[PDB]
Amino acid sequence: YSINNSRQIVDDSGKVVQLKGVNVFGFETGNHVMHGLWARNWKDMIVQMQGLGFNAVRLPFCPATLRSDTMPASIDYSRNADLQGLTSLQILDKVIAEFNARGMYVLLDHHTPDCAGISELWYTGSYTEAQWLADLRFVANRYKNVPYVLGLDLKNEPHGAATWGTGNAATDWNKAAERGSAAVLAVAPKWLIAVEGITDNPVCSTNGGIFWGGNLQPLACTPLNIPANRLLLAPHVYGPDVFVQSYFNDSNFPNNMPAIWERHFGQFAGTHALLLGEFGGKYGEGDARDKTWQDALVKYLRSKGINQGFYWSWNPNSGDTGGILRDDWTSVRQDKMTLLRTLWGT
Ligand SMILES: O=P([O-])(O)O
Ligand SMILES: O=P([O-])(O)O
Ligand SMILES: O=P([O-])(O)O
Ligand SMILES: O=P([O-])(O)O
Ligand SMILES: O=P([O-])(O)O
Ligand SMILES: O=P([O-])(O)O
Ligand SMILES: O=P([O-])(O)O
Numbered sequence: 026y027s028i029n030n031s032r033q034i035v036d037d038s039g040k041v042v043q044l045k046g047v048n049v050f051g052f053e054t055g056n057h058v059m060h061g062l063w064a065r066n067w068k069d070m071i072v073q074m075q076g077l078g079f080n081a082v083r084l085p086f087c088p089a090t091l092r093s094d095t096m097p098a099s100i101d102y103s104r105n106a107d108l109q110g111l112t113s114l115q116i117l118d119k120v121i122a123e124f125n126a127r128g129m130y131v132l133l134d135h136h137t138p139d140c141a142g143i144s145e146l147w148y149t150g151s152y153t154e155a156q157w158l159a160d161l162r163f164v165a166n167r168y169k170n171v172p173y174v175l176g177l178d179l180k181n182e183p184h185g186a187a188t189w190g191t192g193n194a195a196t197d198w199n200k201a202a203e204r205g206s207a208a209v210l211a212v213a214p215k216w217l218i219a220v221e222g223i224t225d226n227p228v229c230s231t232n233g234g235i236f237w238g239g240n241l242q243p244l245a246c247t248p249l250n251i252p253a254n255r256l257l258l259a260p261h262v263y264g265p266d267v268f269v270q271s272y273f274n275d276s277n278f279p280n281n282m283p284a285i286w287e288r289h290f291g292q293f294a295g296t297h298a299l300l301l302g303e304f305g306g307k308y309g310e311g312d313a314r315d316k317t318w319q320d321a322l323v324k325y326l327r328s329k330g331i332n333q334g335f336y337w338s339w340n341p342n343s344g345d346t347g348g349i350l351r352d353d354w355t356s357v358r359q360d361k362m363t364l365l366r367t368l369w370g371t
């Protein structure tokens, strides 16, 4: 895959790819397997999400999942007989192979260093940058021949102490992304590299009201040393039911939002390939405003020439947004799907 001069994703053939995507969680958690396999058959659940119109999937994972003898949990083996005995690595192998056989694009995502919380930086007190890079190379090495695997989202949701272009090696996400980029492309040179934003930054940023991995402002001062034809920018953005930012409370709302989205990520759409790695919310099951907010975001995305991204999420059991499926793991939120098809232009 690559990025052409029109900021479009093209495949090996040279045809434009459109990512009608959604996030599928589980592999980055204590269970070390995609969620819902207590309620559903994994193959049938994939079949369903393609049928709704999705052709792309973002797969969070964690280091533990990639280890040889890590066992999965919460799997109902009555509904999932062909996973019995398999290690979580072998289940990941089998899931990526299934997406591939169905012709569904897969963006792998290094979500958490410890199968729990999301780290501020690319390293912790028990997970070094060396381990981080090695794990990226491991994944790239393993799946580099799986045609429909798109590439790698280097690290999920940088925030807190993370900075960009300050000259401080311990916190500069931009430089860490360059090193992650180099590692992945050395092994899988046809993979795309997805890079997320940070939050508040001491330089080249108007701060405040920023979501994790949501600020790309410092890119204007400090370009990424990542090949133009591989770099995919993938910030996150959420609405009122994730956090009540002050601007949500504004009387102007939601007319005030486009300037804020423009500032945080939007202004880069015209010169960089860009999509949202995560966006979503309860869509009226949670608030009056989240309906309005999601509608406005789609309207703004369409206007910036953006008709792709990865909705958050497939799974219901995401605190604070819900998903495409309801809590019965079978019923589909039709209004959420109508919103996405609007975004996709379908
Ligand atoms: O596929 P390339 O020509 O962008 O490297
Ligand atoms: O198999 P890994 O997680 O040690 O790279
Ligand atoms: O049912 P399969 O995927 O194990 O052949
Ligand atoms: O992963 P945490 O829960 O220790 O932050
Ligand atoms: O298992 P790792 O994270 O040390 O590669
Ligand atoms: O000092 P650095 O962050 O530019 O390496
Ligand atoms: O770095 P930009 O300003 O050319 O997008």
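Just so you know, we're using the authors' numbering here: the sequence shown kicks off at 26 and counts up by one. By construction, the Cβ of each residue, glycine as well, lies at the ideal position given by its N, Cα and C atoms.
Which value, in whole angstroms, describes the spacing of the CA atoms of residue i and residue j?
i           : j    : result
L301        : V262 : 7 Å
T231        : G185 : 15 Å
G309        : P88  : 35 Å
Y325        : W286 : 8 Å
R83         : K329 : 22 Å
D101        : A64  : 7 Å
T371        : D320 : 16 Å
residue 2   : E154 : In the structure as shown, the chain starts at 26 and stops at 371, and residue 2 therefore has no counterpart that could be examined.
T137        : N240 : 19 Å
residue 380 : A219 : What the structure shows of the chain is the stretch from 26 to 371, and residue 380 is not part of that stretch, so it cannot be assessed.
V171        : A81  : 14 Å
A201        : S103 : 44 Å
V42         : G264 : 28 Å
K40         : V49  : 26 Å
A194        : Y168 : 30 Å
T247        : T296 : 14 Å
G192        : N281 : 34 Å
Determine the burial state of residue i: buried for a count of at least 16 other Cβ atoms within 10 Å of its Cβ, exposed for fewer.
i          : result
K361       : buried
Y336       : buried
residue 17 : Residue 17 lies beyond the range of the chain shown here (26 to 371); nothing can be said about it.
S38        : exposed
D178       : buried
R255       : buried
Skipping 5 residues on each side, what residues in its chain have a beta carbon closer than 6 Å to that of residue i?
i    : result
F79  : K45 and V47
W369 : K45 and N332
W198 : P183, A187, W189 and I223
My guess is that residue i and residue j are in contact by the Cβ rule of under 8 Å, so how many angstroms apart are they, rounded?
i           : j    : result
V357        : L77  : 7 Å
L249        : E203 : 6 Å
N105        : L62  : 5 Å
residue 374 : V58  : No information on residue 374 is available, as it lies outside the stretch 26 to 371 that the chain covers here.
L111        : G176 : Between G176 and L111 the Cβ distance is about 25 Å, and since that is not below 8 Å, they are no contact.
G234        : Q270 : 5 Å
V174        : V131 : 5 Å
residue 24  : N166 : As displayed, the chain neither begins before 26 nor continues past 371, which places residue 24 out of reach and without an answer.
Below 7 Å CB to CB, which residues in the same chain sit around residue i once its five sequence neighbours on both sides are set aside?
i    : result
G311 : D266
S113 : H57, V58, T90, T95, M96 and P97
Excluding the 5 residues flanking residue i on each side, which residues of the same chain have their C-beta closer than 8 Å to its C-beta?
i    : result
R127 : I71, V72 and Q75
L364 : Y308, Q319, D320 and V323
Any residue with its C-beta under 7 Å from a non-hydrogen atom of ligand 1 counts. Can you list them all in chain order? Answer in sequence order: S27, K215 and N254.
Give me every residue whose Cβ sits closer than 5 Å to any heavy atom of ligand 7, in chain order. A residue is listed when its beta-carbon falls short of 5 Å from at least one non-hydrogen atom of ligand 7; in chain order these are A245, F293 and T296.
Any residue with its Cβ nearer than 5 Å to a heavy atom of ligand 6 should be included. What is that list in chain order? Answer in sequence order: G192, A194, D197 and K200.
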